[PDB]
Each structure stands twice: as C-alpha cells, then as structure tokens.
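Okay, so here's just one chain, in structure tokens, the form deposited without (1R)-1-phenylethanol (SS2).
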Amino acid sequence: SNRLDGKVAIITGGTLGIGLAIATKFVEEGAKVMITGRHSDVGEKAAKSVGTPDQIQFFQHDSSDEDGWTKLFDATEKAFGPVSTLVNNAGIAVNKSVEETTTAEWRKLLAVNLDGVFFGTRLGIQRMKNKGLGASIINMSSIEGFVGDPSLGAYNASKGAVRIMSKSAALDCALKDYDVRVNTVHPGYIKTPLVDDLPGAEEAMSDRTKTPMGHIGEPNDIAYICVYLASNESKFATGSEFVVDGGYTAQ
C-alpha cells in the first residue's frame, strides 16, 4: 500500500493484458499513470476502467513513432508532473523462423520491439536523470531474451537486443549518478484475452515440457515484479534480468 507514493509512470501498450495489469497495480500503489495504445476506443475505456483522470489517462501512440515519444512525455508531465517511471511494454510478434522471416516482417517487428524501446529508454534517461525522482526504466522482455524459439526468430533478436542494451543504459546511468535504474522483466507464458482467442495456445504453453508448473501465468504476475522495480524498494537493482516464467528457463 502506497509502495509507489508520488511516482509518475508511462506504460507503453498499457491498454491490454500485462501492460493493463501493471497500470492497475501502479494506480493501486499510488502512482499517476499514462497508458499508451494504438486505438482510442480501447485506450479511453482501459484508463476509465482503472481509475479517474487524476490517477490514470490514455495517450494514443505507436512506440515505433520517435516524435510521438516527445509528445507522450510532454502530455504526461502536463497531466501529472515530471515522469519518474517508464515501462517499455509495447511489443508485437511474428510467427516465423529466421529462415521464413520476410525483410518487411523483420523491420516491422524491430520498429516496435527494439527501436521503440531504444526511443523510450534514451528519452527516459534524458528527461528523468538528476531530478531526485528515484527514476526507474523497466524494459519488458520475455523468456525469448534468454532462449531461442525456432518460430520466433525476429522476436528473439528483439528480446536479446533489449536485454543487453538495458545493461549498457543501467551502467551509464549508475556510473554518472543519474538517479535512473534500468532493468528487464522476462515473463514466461501469460494468459490474456489474446491467448484465449488462439484455440489450443494455452494448453500447448501449459505442457510440462514448456512450463514446468503445468499452467501459464496471469498479468498480475508481471504487474507485481514491476511494482517492486518501479518502487524505491529496488534502489540497488540495476542492469538485472527478472524472470517470472513458471520454470520455463530453469530446464
């Protein structure tokens, strides 16, 4: 309770699934939140469902849109005051092996999953350093930042990139006393409406050969580790990977 007292958080892709759960728990712990998403209909409903405009608002944004990042920080500071906390959560998938990835598919996925995270991390350091905010950048990765999947080649590339790029940012911020931490969160399989819309997906993901716990996670599993990383409880954690995966990567 009040674990994020005074924090101001941007959560990209915060209108659905993991991002929406992070936003919900952030508001419940006293943070002011700006969620982003592609679609006004979904985004405005999502913000209203979590709380009042004094607590949480929506900003329509594609994380691949570099100029839009400036507008997003400006809109969040106008609404809530200086941003302390960024969750780079917006991401897309391509179900292709490296062999069967088109260059179009490659560039489209990296635009969101890599460029978008770079744009958010770079602007976050610039805008949140040296302000005594206890600033925290949480770069959403996944188990595919650690292990290959033969049918997620570009996705693997993006998650490995974010994993190590985040360590570079963590070290530079630490060495320069910027009061900015950077960490990655690595969900395993998480049940969402999108997973429910794919027949057989949850059962395949719940197989003991994939998830040892024999079931998949829920969005709040990722929200709770994000509360810890956004909070001043984690003031000595930077450049670290936090895995919440039901044992996927342990075997």
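A residue's number is simply how far along the shown sequence it sits, counting from 1.
Keep in mind that the form solved in complex with (1R)-1-phenylethanol (SS2) is missing from the display, and what follows is about it.
Taking a 4.5 Å heavy atom cutoff to (1R)-1-phenylethanol (SS2) in the bound PDB entry, the contact residue among 93, 174, 161, 123 is 93. Taking 80, 73, 119, 155 one by one, only a single residue has any non-hydrogen atom within 4.5 Å of (1R)-1-phenylethanol (SS2) in the bound PDB entry, and it is 155. Not displayed here, (1R)-1-phenylethanol (SS2) is kept clear of residue 50 by more than 4.5 Å at the level of heavy atoms in the bound PDB entry. Taking the partner from the other structure, (1R)-1-phenylethanol (SS2) in the bound PDB entry has a heavy atom within 4.5 Å of a heavy atom of residue 205. None of 144-152, 97-105, 165-173, 123-131 except one has non-hydrogen atoms within 4.5 angstroms of (1R)-1-phenylethanol (SS2) in the bound PDB entry; the exception is 144-152.
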